[PDB]
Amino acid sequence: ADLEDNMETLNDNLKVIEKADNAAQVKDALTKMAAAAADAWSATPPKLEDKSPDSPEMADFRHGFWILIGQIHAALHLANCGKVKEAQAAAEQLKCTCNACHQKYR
C-alpha cells in the first residue's frame, strides 16, 4: 500500500487500542500495526524524493520503522500475559516514535 494508507492504518489501530475490552482485540490491532510498519519500511517520503537510497537520511528513515516494530513486539508480550492495561499504556507511549520521525521527515 502507499505511504499515506499505511500511516492511516497505524493511526486507526491506535484508537482501536484505547477502546478495547479484551486481549484478543489488542492482539489483533497490534498485529495489523506491525504489518503496516513492515510494508512502509521500503517507501520514499515526499520530503526526501531527491536523495539517494544509500543516503543517511534514508538510512535513518528506515531505522525508525525497525524501532517501532521493536516496540510493538514488546507490547505484544504484555497482551499475551493477560496484563491488558499495561499493554494499552505501552501502546500510547508509541506516539514518541511517531512524532520523532514526523519532526524530521513529515
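Start at 1 and count along the sequence shown; that's the residue number.
Taking the PDB entry as given, 47 to 55 carries the higher mean Cα B factor of the two stretches 26 to 34 and 47 to 55. In this entry, 76 to 84 has the higher mean Cα B-factor, the comparison being between 76 to 84 and 37 to 45. Ranked by C-alpha B-factor against the other modelled residues of its chain, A90 falls in the middle third. In the PDB entry, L10 places in the lowest third of its chain by CA B-factor.
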